[PDB]
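Here is the file protein.txt (compact mmCIF, N, CA and C atoms).
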```txt
# COMPACT_ATOMS: atom_id res chain seq x y z
N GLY A 1 -59.68 56.26 -3.66
CA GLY A 1 -58.82 55.16 -4.04
C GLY A 1 -58.54 55.13 -5.53
N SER A 2 -57.27 54.96 -5.89
CA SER A 2 -56.87 54.93 -7.29
C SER A 2 -57.12 53.55 -7.89
N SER A 3 -56.92 53.44 -9.20
CA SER A 3 -57.12 52.17 -9.90
C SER A 3 -55.89 51.80 -10.73
N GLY A 4 -55.93 50.62 -11.33
CA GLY A 4 -54.82 50.17 -12.15
C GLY A 4 -53.97 49.13 -11.44
N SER A 5 -52.71 49.03 -11.83
CA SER A 5 -51.79 48.06 -11.24
C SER A 5 -52.17 46.64 -11.65
N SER A 6 -52.50 46.46 -12.92
CA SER A 6 -52.88 45.15 -13.44
C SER A 6 -51.80 44.60 -14.36
N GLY A 7 -50.54 44.78 -13.97
CA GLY A 7 -49.43 44.30 -14.76
C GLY A 7 -48.80 43.05 -14.18
N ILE A 8 -49.61 42.00 -14.02
CA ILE A 8 -49.12 40.74 -13.47
C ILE A 8 -48.82 39.74 -14.58
N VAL A 9 -47.76 38.95 -14.38
CA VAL A 9 -47.37 37.95 -15.36
C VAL A 9 -47.05 36.62 -14.69
N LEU A 10 -47.41 35.53 -15.35
CA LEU A 10 -47.17 34.19 -14.82
C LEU A 10 -45.72 34.04 -14.37
N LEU A 11 -44.84 34.88 -14.91
CA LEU A 11 -43.43 34.85 -14.57
C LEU A 11 -43.14 35.74 -13.37
N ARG A 12 -43.79 36.90 -13.33
CA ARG A 12 -43.61 37.85 -12.23
C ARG A 12 -43.77 37.16 -10.88
N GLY A 13 -44.42 36.00 -10.89
CA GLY A 13 -44.63 35.26 -9.66
C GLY A 13 -43.38 35.18 -8.81
N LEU A 14 -42.22 35.37 -9.44
CA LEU A 14 -40.95 35.32 -8.73
C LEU A 14 -40.51 36.72 -8.30
N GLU A 15 -40.34 37.60 -9.28
CA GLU A 15 -39.92 38.97 -9.01
C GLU A 15 -40.81 39.61 -7.94
N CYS A 16 -42.03 39.11 -7.82
CA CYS A 16 -42.97 39.63 -6.84
C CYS A 16 -42.40 39.54 -5.43
N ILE A 17 -41.92 38.35 -5.06
CA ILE A 17 -41.35 38.13 -3.74
C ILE A 17 -39.96 38.76 -3.63
N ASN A 18 -39.53 39.01 -2.40
CA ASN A 18 -38.22 39.61 -2.16
C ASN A 18 -37.12 38.56 -2.25
N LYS A 19 -35.97 38.97 -2.79
CA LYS A 19 -34.83 38.06 -2.93
C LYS A 19 -34.74 37.11 -1.74
N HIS A 20 -35.05 37.62 -0.56
CA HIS A 20 -35.00 36.81 0.66
C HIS A 20 -35.75 35.50 0.46
N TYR A 21 -37.07 35.59 0.30
CA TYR A 21 -37.90 34.41 0.11
C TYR A 21 -37.45 33.63 -1.12
N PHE A 22 -37.14 34.35 -2.20
CA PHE A 22 -36.70 33.72 -3.44
C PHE A 22 -35.66 32.64 -3.16
N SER A 23 -34.63 33.00 -2.40
CA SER A 23 -33.56 32.07 -2.07
C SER A 23 -34.13 30.71 -1.67
N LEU A 24 -35.15 30.73 -0.83
CA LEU A 24 -35.79 29.50 -0.37
C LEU A 24 -36.36 28.71 -1.54
N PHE A 25 -37.03 29.41 -2.45
CA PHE A 25 -37.62 28.78 -3.62
C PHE A 25 -36.58 27.98 -4.40
N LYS A 26 -35.41 28.58 -4.59
CA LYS A 26 -34.32 27.93 -5.31
C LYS A 26 -33.87 26.67 -4.59
N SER A 27 -33.94 26.70 -3.26
CA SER A 27 -33.53 25.56 -2.44
C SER A 27 -34.50 24.39 -2.61
N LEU A 28 -35.79 24.70 -2.62
CA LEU A 28 -36.82 23.68 -2.78
C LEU A 28 -36.78 23.07 -4.18
N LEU A 29 -36.24 23.83 -5.13
CA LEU A 29 -36.13 23.36 -6.51
C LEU A 29 -34.74 22.82 -6.80
N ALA A 30 -33.79 23.16 -5.93
CA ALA A 30 -32.41 22.71 -6.09
C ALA A 30 -32.36 21.24 -6.51
N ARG A 31 -33.24 20.44 -5.93
CA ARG A 31 -33.30 19.01 -6.23
C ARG A 31 -33.87 18.78 -7.63
N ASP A 32 -35.00 19.42 -7.92
CA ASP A 32 -35.64 19.28 -9.22
C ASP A 32 -34.78 19.88 -10.32
N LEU A 33 -34.55 21.19 -10.23
CA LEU A 33 -33.74 21.89 -11.23
C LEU A 33 -32.28 21.44 -11.16
N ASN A 34 -31.92 20.80 -10.05
CA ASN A 34 -30.56 20.31 -9.86
C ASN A 34 -29.58 21.48 -9.73
N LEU A 35 -30.04 22.56 -9.10
CA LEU A 35 -29.20 23.74 -8.91
C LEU A 35 -27.90 23.38 -8.20
N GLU A 36 -27.03 24.37 -8.03
CA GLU A 36 -25.75 24.16 -7.36
C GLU A 36 -25.95 23.87 -5.88
N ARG A 37 -24.85 23.61 -5.18
CA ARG A 37 -24.90 23.32 -3.75
C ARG A 37 -24.63 24.57 -2.93
N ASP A 38 -23.77 25.44 -3.45
CA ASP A 38 -23.42 26.67 -2.76
C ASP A 38 -23.54 27.87 -3.71
N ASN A 39 -23.88 27.60 -4.96
CA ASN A 39 -24.03 28.65 -5.96
C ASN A 39 -25.50 28.87 -6.30
N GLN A 40 -26.37 28.73 -5.30
CA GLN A 40 -27.80 28.92 -5.50
C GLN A 40 -28.18 30.38 -5.34
N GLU A 41 -27.24 31.19 -4.86
CA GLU A 41 -27.49 32.61 -4.66
C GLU A 41 -27.05 33.41 -5.88
N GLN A 42 -26.00 32.95 -6.54
CA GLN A 42 -25.48 33.62 -7.73
C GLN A 42 -26.51 33.61 -8.85
N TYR A 43 -27.56 32.80 -8.69
CA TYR A 43 -28.61 32.69 -9.69
C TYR A 43 -29.59 33.86 -9.57
N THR A 44 -30.47 33.98 -10.56
CA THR A 44 -31.46 35.05 -10.57
C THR A 44 -32.80 34.55 -11.10
N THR A 45 -33.89 35.16 -10.63
CA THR A 45 -35.23 34.78 -11.05
C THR A 45 -35.26 34.47 -12.54
N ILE A 46 -34.37 35.10 -13.30
CA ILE A 46 -34.30 34.89 -14.74
C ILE A 46 -33.79 33.49 -15.06
N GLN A 47 -32.52 33.24 -14.75
CA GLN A 47 -31.91 31.94 -15.01
C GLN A 47 -32.79 30.81 -14.48
N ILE A 48 -33.43 31.05 -13.34
CA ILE A 48 -34.31 30.06 -12.74
C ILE A 48 -35.61 29.92 -13.51
N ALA A 49 -36.12 31.05 -14.00
CA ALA A 49 -37.36 31.06 -14.76
C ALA A 49 -37.26 30.16 -15.99
N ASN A 50 -36.29 30.43 -16.84
CA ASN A 50 -36.08 29.65 -18.05
C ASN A 50 -35.98 28.16 -17.72
N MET A 51 -35.27 27.85 -16.65
CA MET A 51 -35.10 26.46 -16.22
C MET A 51 -36.45 25.79 -15.99
N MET A 52 -37.35 26.51 -15.34
CA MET A 52 -38.68 25.99 -15.05
C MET A 52 -39.52 25.90 -16.32
N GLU A 53 -39.39 26.90 -17.18
CA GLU A 53 -40.14 26.93 -18.44
C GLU A 53 -40.05 25.58 -19.15
N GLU A 54 -38.83 25.12 -19.39
CA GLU A 54 -38.62 23.85 -20.06
C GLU A 54 -38.99 22.68 -19.16
N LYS A 55 -38.43 22.66 -17.95
CA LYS A 55 -38.71 21.60 -16.99
C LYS A 55 -40.21 21.42 -16.80
N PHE A 56 -40.85 22.43 -16.22
CA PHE A 56 -42.29 22.39 -15.98
C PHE A 56 -43.03 23.32 -16.93
N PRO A 57 -43.29 22.82 -18.16
CA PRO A 57 -43.99 23.59 -19.19
C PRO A 57 -45.46 23.80 -18.85
N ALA A 58 -45.93 23.10 -17.82
CA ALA A 58 -47.33 23.21 -17.40
C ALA A 58 -47.65 24.63 -16.94
N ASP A 59 -46.91 25.11 -15.95
CA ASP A 59 -47.12 26.45 -15.42
C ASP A 59 -45.86 27.30 -15.57
N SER A 60 -44.74 26.64 -15.85
CA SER A 60 -43.46 27.33 -16.01
C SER A 60 -42.95 27.85 -14.67
N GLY A 61 -43.30 27.14 -13.60
CA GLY A 61 -42.87 27.55 -12.28
C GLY A 61 -43.98 28.20 -11.48
N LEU A 62 -44.88 28.88 -12.18
CA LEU A 62 -46.00 29.56 -11.52
C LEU A 62 -46.58 28.70 -10.41
N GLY A 63 -46.91 27.46 -10.73
CA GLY A 63 -47.47 26.55 -9.75
C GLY A 63 -46.51 26.25 -8.62
N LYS A 64 -45.36 25.67 -8.96
CA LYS A 64 -44.35 25.33 -7.97
C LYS A 64 -44.12 26.49 -7.01
N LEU A 65 -44.21 27.71 -7.52
CA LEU A 65 -44.02 28.91 -6.70
C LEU A 65 -45.23 29.16 -5.81
N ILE A 66 -46.40 29.28 -6.43
CA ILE A 66 -47.63 29.52 -5.69
C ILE A 66 -47.61 28.81 -4.34
N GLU A 67 -47.24 27.53 -4.36
CA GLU A 67 -47.18 26.74 -3.13
C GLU A 67 -46.19 27.35 -2.14
N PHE A 68 -44.98 27.61 -2.62
CA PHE A 68 -43.94 28.19 -1.78
C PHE A 68 -44.47 29.39 -1.00
N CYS A 69 -45.48 30.05 -1.56
CA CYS A 69 -46.09 31.21 -0.92
C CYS A 69 -47.14 30.79 0.10
N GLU A 70 -47.88 29.74 -0.22
CA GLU A 70 -48.92 29.23 0.67
C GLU A 70 -48.34 28.89 2.04
N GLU A 71 -47.22 28.17 2.04
CA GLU A 71 -46.57 27.78 3.29
C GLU A 71 -46.29 29.00 4.17
N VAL A 72 -45.87 30.09 3.54
CA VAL A 72 -45.57 31.32 4.26
C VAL A 72 -46.82 32.17 4.44
N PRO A 73 -47.04 32.65 5.68
CA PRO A 73 -48.20 33.49 6.01
C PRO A 73 -48.11 34.87 5.37
N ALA A 74 -46.89 35.34 5.14
CA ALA A 74 -46.67 36.65 4.53
C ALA A 74 -46.78 36.57 3.01
N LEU A 75 -46.91 35.36 2.49
CA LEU A 75 -47.02 35.15 1.05
C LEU A 75 -48.38 34.58 0.69
N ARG A 76 -49.06 34.00 1.67
CA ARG A 76 -50.38 33.41 1.45
C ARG A 76 -51.30 34.40 0.75
N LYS A 77 -51.16 35.68 1.09
CA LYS A 77 -51.99 36.72 0.49
C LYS A 77 -51.75 36.80 -1.02
N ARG A 78 -50.52 36.53 -1.44
CA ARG A 78 -50.17 36.56 -2.85
C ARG A 78 -50.50 35.23 -3.53
N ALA A 79 -50.21 34.14 -2.83
CA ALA A 79 -50.47 32.81 -3.36
C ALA A 79 -51.85 32.74 -4.02
N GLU A 80 -52.86 33.22 -3.31
CA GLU A 80 -54.23 33.22 -3.82
C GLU A 80 -54.35 34.10 -5.06
N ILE A 81 -53.62 35.21 -5.05
CA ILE A 81 -53.64 36.15 -6.17
C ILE A 81 -53.01 35.54 -7.42
N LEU A 82 -51.95 34.76 -7.21
CA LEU A 82 -51.25 34.11 -8.31
C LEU A 82 -52.11 33.01 -8.93
N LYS A 83 -52.63 32.13 -8.09
CA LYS A 83 -53.47 31.03 -8.55
C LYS A 83 -54.51 31.52 -9.55
N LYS A 84 -55.28 32.53 -9.15
CA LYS A 84 -56.31 33.09 -10.01
C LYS A 84 -55.82 33.20 -11.45
N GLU A 85 -54.60 33.69 -11.62
CA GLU A 85 -54.01 33.84 -12.94
C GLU A 85 -53.66 32.48 -13.54
N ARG A 86 -53.12 31.59 -12.71
CA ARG A 86 -52.74 30.26 -13.15
C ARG A 86 -53.89 29.59 -13.91
N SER A 87 -55.02 29.42 -13.23
CA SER A 87 -56.19 28.80 -13.84
C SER A 87 -56.71 29.63 -15.00
N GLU A 88 -57.29 28.97 -15.99
CA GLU A 88 -57.84 29.65 -17.16
C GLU A 88 -59.27 29.20 -17.44
N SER A 89 -59.44 27.90 -17.66
CA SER A 89 -60.76 27.34 -17.95
C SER A 89 -61.18 26.38 -16.84
N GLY A 90 -60.85 26.72 -15.60
CA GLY A 90 -61.21 25.87 -14.48
C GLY A 90 -60.32 24.65 -14.37
N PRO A 91 -59.96 24.28 -13.13
CA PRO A 91 -59.10 23.12 -12.87
C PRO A 91 -59.81 21.80 -13.16
N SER A 92 -59.07 20.70 -13.01
CA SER A 92 -59.63 19.38 -13.27
C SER A 92 -60.24 18.79 -12.00
N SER A 93 -61.47 19.21 -11.70
CA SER A 93 -62.17 18.73 -10.51
C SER A 93 -62.58 17.27 -10.67
N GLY A 94 -62.01 16.41 -9.83
CA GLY A 94 -62.33 14.99 -9.89
C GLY A 94 -62.53 14.38 -8.52
```
Could I get this structure in the form of structure tokens?
Amino acid sequence: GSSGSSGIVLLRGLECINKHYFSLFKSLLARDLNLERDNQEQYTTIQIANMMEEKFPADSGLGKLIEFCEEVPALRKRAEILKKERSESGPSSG
């Protein structure tokens, strides 16, 4: 077995998934980000990324996305992988 492949980024959380699933993410945020009604496809992980950066400076979308993956069984495997990166000094356990 080879090693490496440690090039993950809090932003890659989007590029990771296939455009297919991505479309859904934009829909769930359409309300928050206030995306278009029929022009949600013309957008790109980029334009959407920056939007989240300012909007949700907490995770910059990382979080909002992680969830979108949890709901899906084919993304749940990644959701857990993303979270690990999200947290830094442990969450706020209360």
- prompt: Any idea what's packed within 12 Å of residue A:50, counting only C-alpha atoms, ignoring anything in its chain fewer than 3 positions away? Could you give it as a PyMOL selection string?
  reply: chain A and resi 11+14+33+43-47+53-57+59-62
task: Enumerate, as an MDAnalysis selection string, the protein, DNA and RNA residues whose atoms approach (-41.8, 39.5, -6.1) to within 12 Å, taking into account only C-alpha atoms and the coordinate frame of the file.
output: chainID A and resid 8:23 25 45 65:66 69 75 78:79 82
- prompt: Between atom N of residue A:88 and atom N of residue A:2, what is the distance, to one decimal in Å?
  reply: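 Computed distance, atom N of residue A:88 to atom N of residue A:2, equals 27.9 Å.
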query: Can you list every residue in stretch 10-39 of chain A that DSSP puts in alpha helix (DSSP H), as a list in words?
result: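 Selection result, alpha helix (DSSP H) within stretch 10-39 of chain A: residues 19, 20, 21, 22, 23, 24, 25, 26, 27, 28, 29 and 30 of chain A.
With atom C of residue A:6 on one side and atom C of residue A:90 on the other, the separation reads 21.7 Å.
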message: So the first atom is atom C of residue A:51 and the second is atom C of residue A:29; what is the distance between them in Å, to one decimal place?
response: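 Between atom C of residue A:51 and atom C of residue A:29 the gap works out to 9.8 Å.
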Report, as JSON, the axis-aligned box around all atoms of stretch 1-7 of chain A present in the file, extended by 3 Å on each side; give centre and edge lengths in Å to one decimal place.
```
{"center_x": -54.2, "center_y": 49.7, "center_z": -9.2, "size_x": 16.9, "size_y": 19.2, "size_z": 17.1}
```
